[PDB]
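Undergrad: Provided herewith: structure-v6.cif, mmCIF, C-alpha atoms.
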data_structure
loop_
_atom_site.group_PDB
_atom_site.id
_atom_site.type_symbol
_atom_site.label_atom_id
_atom_site.label_comp_id
_atom_site.auth_asym_id
_atom_site.auth_seq_id
_atom_site.Cartn_x
_atom_site.Cartn_y
_atom_site.Cartn_z
ATOM 1 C CA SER Q 87 34.045 -23.975 -8.522
ATOM 2 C CA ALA Q 88 36.714 -21.330 -7.845
ATOM 3 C CA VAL Q 89 39.441 -23.852 -8.788
ATOM 4 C CA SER Q 90 38.572 -23.829 -12.517
ATOM 5 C CA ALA Q 91 39.239 -20.083 -12.807
ATOM 6 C CA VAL Q 92 42.333 -19.377 -10.744
ATOM 7 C CA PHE Q 93 44.959 -21.806 -12.105
ATOM 8 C CA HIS Q 94 44.728 -20.225 -15.565
ATOM 9 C CA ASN Q 95 45.332 -16.693 -14.195
ATOM 10 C CA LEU Q 96 48.191 -18.019 -12.034
ATOM 11 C CA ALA Q 97 49.880 -19.882 -14.886
ATOM 12 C CA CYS Q 98 49.865 -16.697 -16.984
ATOM 13 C CA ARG Q 99 51.555 -14.530 -14.340
ATOM 14 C CA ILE Q 100 54.450 -16.911 -13.605
ATOM 15 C CA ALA Q 101 54.928 -17.499 -17.364
ATOM 16 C CA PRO Q 102 57.210 -14.418 -18.118
ATOM 17 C CA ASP Q 103 59.525 -15.643 -15.316
ATOM 18 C CA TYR Q 104 60.014 -18.855 -17.314
ATOM 19 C CA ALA Q 105 60.263 -16.795 -20.552
ATOM 20 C CA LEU Q 106 56.912 -18.060 -21.824
ATOM 21 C CA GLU Q 107 53.546 -16.541 -22.644
ATOM 22 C CA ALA Q 108 50.193 -18.293 -22.223
ATOM 23 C CA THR Q 109 48.197 -19.712 -25.150
ATOM 24 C CA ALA Q 110 44.751 -18.501 -26.307
ATOM 25 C CA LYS Q 111 42.744 -21.100 -24.356
ATOM 26 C CA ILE Q 112 44.446 -20.234 -21.049
ATOM 27 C CA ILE Q 113 43.793 -16.472 -21.265
ATOM 28 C CA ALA Q 114 40.202 -17.011 -22.478
ATOM 29 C CA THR Q 115 39.259 -19.422 -19.672
ATOM 30 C CA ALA Q 116 41.087 -17.192 -17.156
ATOM 31 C CA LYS Q 117 38.854 -14.213 -17.985
ATOM 32 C CA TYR Q 118 35.630 -16.231 -18.353
ATOM 33 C CA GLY Q 119 36.405 -18.135 -15.148
ATOM 34 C CA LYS Q 120 36.962 -15.094 -12.936
ATOM 35 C CA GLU Q 121 33.806 -13.542 -14.436
ATOM 36 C CA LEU Q 122 31.710 -16.533 -13.276
ATOM 37 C CA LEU Q 123 33.191 -16.215 -9.770
ATOM 38 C CA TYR Q 124 32.204 -12.514 -9.699
ATOM 39 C CA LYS Q 125 28.824 -13.398 -11.285
ATOM 40 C CA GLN Q 126 27.066 -14.096 -7.977
ATOM 41 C CA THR Q 127 28.577 -10.968 -6.390
ATOM 42 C CA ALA Q 128 27.462 -8.499 -9.092
ATOM 43 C CA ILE Q 129 23.880 -9.833 -8.951
ATOM 44 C CA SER Q 130 23.686 -9.295 -5.172
ATOM 45 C CA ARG Q 131 25.103 -5.742 -5.420
ATOM 46 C CA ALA Q 132 22.316 -4.734 -7.826
ATOM 47 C CA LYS Q 133 19.433 -2.677 -6.399
ATOM 48 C CA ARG Q 134 18.659 1.067 -6.585
ATOM 49 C CA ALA Q 135 19.851 3.461 -3.864
ATOM 50 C CA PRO Q 136 17.180 5.043 -1.517
ATOM 51 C CA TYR Q 137 14.810 7.835 -2.652
ATOM 52 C CA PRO Q 138 16.167 11.445 -2.984
ATOM 53 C CA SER Q 139 15.880 14.227 -0.378
ATOM 54 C CA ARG Q 140 12.677 15.418 -2.053
ATOM 55 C CA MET Q 141 10.139 12.695 -2.700
ATOM 56 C CA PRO Q 142 6.316 12.919 -2.130
ATOM 57 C CA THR Q 143 4.718 11.037 0.771
ATOM 58 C CA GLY Q 144 1.692 10.557 -1.525
ATOM 59 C CA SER Q 145 -2.031 10.505 -0.827
ATOM 60 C CA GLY Q 146 -2.473 7.151 -2.566
ATOM 61 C CA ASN Q 147 -0.619 5.830 0.486
ATOM 62 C CA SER Q 148 -2.973 4.885 3.317
ATOM 63 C CA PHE Q 149 -1.912 6.224 6.712
ATOM 64 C CA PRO Q 150 1.897 6.671 6.189
ATOM 65 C CA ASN Q 151 1.743 8.997 9.251
ATOM 66 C CA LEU Q 152 4.679 10.995 7.952
ATOM 67 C CA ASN Q 153 5.286 13.914 5.608
ATOM 68 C CA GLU Q 154 8.345 13.931 3.312
ATOM 69 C CA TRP Q 155 10.498 10.946 2.435
ATOM 70 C CA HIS Q 156 13.978 12.361 2.766
ATOM 71 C CA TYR Q 157 16.376 9.536 3.385
ATOM 72 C CA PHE Q 158 13.837 8.396 5.991
ATOM 73 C CA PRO Q 159 12.474 5.141 4.386
ATOM 74 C CA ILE U 198 -2.610 21.439 32.623
ATOM 75 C CA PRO U 199 -4.978 18.997 30.847
ATOM 76 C CA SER U 200 -4.685 17.035 27.609
ATOM 77 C CA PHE U 201 -6.878 14.644 25.632
ATOM 78 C CA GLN U 202 -4.174 12.663 23.940
ATOM 79 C CA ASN U 203 -3.155 15.425 21.499
ATOM 80 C CA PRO U 204 -5.450 15.632 18.404
ATOM 81 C CA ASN U 205 -2.573 17.247 16.513
ATOM 82 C CA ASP U 206 0.185 15.791 14.346
ATOM 83 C CA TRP U 207 3.313 14.331 15.920
ATOM 84 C CA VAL U 208 5.319 15.037 12.742
ATOM 85 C CA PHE U 209 5.644 18.695 13.824
ATOM 86 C CA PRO U 210 6.821 20.903 10.870
ATOM 87 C CA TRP U 211 6.531 23.570 13.594
ATOM 88 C CA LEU U 212 6.110 23.283 17.362
ATOM 89 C CA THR U 213 4.116 25.807 19.408
ATOM 90 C CA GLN U 214 4.958 26.236 23.116
ATOM 91 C CA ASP U 215 1.509 25.360 24.463
ATOM 92 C CA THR U 216 -1.410 23.823 22.606
ATOM 93 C CA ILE U 217 -2.820 22.077 25.722
ATOM 94 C CA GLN U 218 -6.275 20.680 25.237
ATOM 95 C CA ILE U 219 -9.549 20.122 26.998
ATOM 96 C CA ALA U 220 -12.572 18.264 25.649
ATOM 97 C CA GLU U 221 -16.172 19.457 26.010
ATOM 98 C CA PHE U 222 -18.396 16.375 25.907
ATOM 99 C CA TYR U 223 -22.122 16.431 25.164
ATOM 100 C CA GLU U 224 -24.428 13.707 26.445
ATOM 101 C CA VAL U 225 -28.202 13.653 26.072
ATOM 102 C CA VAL U 226 -30.817 13.159 28.794
ATOM 103 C CA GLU U 227 -34.422 14.014 27.878
ATOM 104 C CA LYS U 228 -35.447 15.170 31.379
ATOM 105 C CA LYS U 229 -38.774 16.846 30.405
ATOM 106 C CA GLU U 230 -41.322 18.392 32.762
ATOM 107 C CA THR U 231 -44.999 18.989 33.388
ATOM 108 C CA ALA U 232 -47.425 21.559 34.865
ATOM 109 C CA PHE U 233 -46.138 24.718 36.619
ATOM 110 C CA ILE U 234 -48.789 27.166 35.467
ATOM 111 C CA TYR U 235 -49.007 30.652 36.951
ATOM 112 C CA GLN U 236 -50.754 33.970 36.312
ATOM 113 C CA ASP U 237 -49.356 37.334 35.290
ATOM 114 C CA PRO U 238 -50.511 40.095 37.703
ATOM 115 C CA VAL U 239 -49.044 42.655 35.272
ATOM 116 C CA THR U 240 -51.797 43.906 32.922
ATOM 117 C CA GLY U 241 -53.885 40.717 33.146
ATOM 118 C CA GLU U 242 -53.378 37.399 31.332
ATOM 119 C CA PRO U 243 -53.685 34.293 33.532
ATOM 120 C CA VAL U 244 -52.526 30.816 32.406
ATOM 121 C CA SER U 245 -48.861 31.551 31.705
#
Go through the file and emit its structure as structure tokens.
TA:
Amino acid sequence: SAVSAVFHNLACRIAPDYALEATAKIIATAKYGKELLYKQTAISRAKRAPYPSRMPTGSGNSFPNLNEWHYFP
Amino acid sequence: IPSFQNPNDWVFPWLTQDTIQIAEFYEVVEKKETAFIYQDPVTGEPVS
């Protein structure tokens, strides 16, 4: 699936060497293609960072056996 | 230098040098008794 992205981005970069510039379809597919390759990565990197230095340990919690959640959990 | 198992927290927002523990247990036995009647020679009154 990574094939369908790359050869558009590659054909754009070697184009000024040949005194050419890529057409509208090549630059559009190049950007949309590389975005779909990064699509799975940006989903997996999503999730909130651990709780701050000051966070309650709660009393709705049942037997946490700890006071303070610092960067402990 | 006895212990129980520590009743106290193990989180320890402070730590005292010695807090060593001993448990006083209470068990029940009825035992009871009977008789043992005496007199009082001081100013009368028998059947004490």
Undergrad: Got a sec to resolve the PyMOL selection byres ((chain U) within 9 of (chain Q)) on this structure and send the residues as a PyMOL selection string?
TA: chain U and resi 206-208+210
Undergrad: For atom CA of residue Q:113 and atom CA of residue Q:89, determine how far apart the two atoms are, in Å to one decimal place.
TA: 15.1 Å
Undergrad: Given the file above and the PyMOL selection byres ((chain Q and resi 92) around 10), which residues are selected, and can you give them as a ChimeraX atom specification?
TA: /Q:87-91,93-97,115-117,119-120,123
Undergrad: Got a sec: who's within 12 Å of residue U:221, counting all atoms listed in the file, leaving out chain neighbours fewer than 3 positions off, as a PDB file with C-alpha atoms, in the frame of the given file?
TA:
ATOM      1  CA  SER U 200      -4.685  17.035  27.609  1.00  0.00           C
ATOM      2  CA  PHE U 201      -6.878  14.644  25.632  1.00  0.00           C
ATOM      3  CA  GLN U 218      -6.275  20.680  25.237  1.00  0.00           C
ATOM      4  CA  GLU U 224     -24.428  13.707  26.445  1.00  0.00           C
TER       5      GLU U 224
END
Undergrad: Rounded to one decimal in Å, what is the spacing between atom CA of residue Q:156 and atom CA of residue Q:144?
TA: 13.1 Å
Undergrad: Could you rebuild stretch 98-114 of chain Q with N, CA, C and O atoms and give it back as a compact mmCIF listing (two decimals), keeping the file's coordinate frame?
TA:
# COMPACT_ATOMS: atom_id res chain seq x y z
N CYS Q 98 49.54 -17.77 -16.08
CA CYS Q 98 49.86 -16.70 -16.98
C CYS Q 98 50.89 -15.80 -16.36
O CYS Q 98 51.79 -15.32 -17.04
N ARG Q 99 50.75 -15.51 -15.04
CA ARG Q 99 51.56 -14.53 -14.34
C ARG Q 99 52.96 -15.02 -14.09
O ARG Q 99 53.90 -14.23 -14.14
N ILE Q 100 53.14 -16.34 -13.83
CA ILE Q 100 54.45 -16.91 -13.60
C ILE Q 100 55.11 -17.31 -14.91
O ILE Q 100 56.26 -17.73 -14.91
N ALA Q 101 54.39 -17.18 -16.06
CA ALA Q 101 54.93 -17.50 -17.36
C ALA Q 101 56.05 -16.59 -17.83
O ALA Q 101 57.02 -17.16 -18.33
N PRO Q 102 56.07 -15.25 -17.73
CA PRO Q 102 57.21 -14.42 -18.12
C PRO Q 102 58.49 -14.69 -17.36
O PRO Q 102 59.55 -14.36 -17.88
N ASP Q 103 58.39 -15.26 -16.14
CA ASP Q 103 59.52 -15.64 -15.32
C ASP Q 103 60.26 -16.79 -15.95
O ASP Q 103 61.49 -16.89 -15.86
N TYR Q 104 59.50 -17.70 -16.62
CA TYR Q 104 60.01 -18.86 -17.31
C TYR Q 104 60.25 -18.54 -18.77
O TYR Q 104 60.58 -19.44 -19.54
N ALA Q 105 60.10 -17.26 -19.19
CA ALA Q 105 60.26 -16.80 -20.55
C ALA Q 105 59.29 -17.46 -21.49
O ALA Q 105 59.67 -18.01 -22.52
N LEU Q 106 58.00 -17.46 -21.10
CA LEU Q 106 56.91 -18.06 -21.82
C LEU Q 106 55.78 -17.07 -21.79
O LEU Q 106 55.82 -16.09 -21.05
N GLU Q 107 54.74 -17.33 -22.61
CA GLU Q 107 53.55 -16.54 -22.64
C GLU Q 107 52.46 -17.54 -22.92
O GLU Q 107 52.62 -18.44 -23.75
N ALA Q 108 51.34 -17.41 -22.18
CA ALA Q 108 50.19 -18.29 -22.22
C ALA Q 108 49.51 -18.31 -23.57
O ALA Q 108 49.52 -17.32 -24.30
N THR Q 109 48.90 -19.47 -23.91
CA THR Q 109 48.20 -19.71 -25.15
C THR Q 109 46.81 -19.11 -25.04
O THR Q 109 46.45 -18.53 -24.02
N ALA Q 110 46.03 -19.15 -26.15
CA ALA Q 110 44.75 -18.50 -26.31
C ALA Q 110 43.68 -19.09 -25.44
O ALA Q 110 42.81 -18.36 -24.96
N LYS Q 111 43.72 -20.42 -25.19
CA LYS Q 111 42.74 -21.10 -24.36
C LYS Q 111 42.91 -20.72 -22.91
O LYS Q 111 41.92 -20.61 -22.19
N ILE Q 112 44.16 -20.52 -22.44
CA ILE Q 112 44.45 -20.23 -21.05
C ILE Q 112 43.97 -18.85 -20.69
O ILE Q 112 43.37 -18.67 -19.63
N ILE Q 113 44.19 -17.83 -21.56
CA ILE Q 113 43.79 -16.47 -21.26
C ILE Q 113 42.30 -16.28 -21.41
O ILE Q 113 41.73 -15.40 -20.76
N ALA Q 114 41.63 -17.09 -22.25
CA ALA Q 114 40.20 -17.01 -22.48
C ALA Q 114 39.43 -17.55 -21.31
O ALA Q 114 38.48 -16.92 -20.84
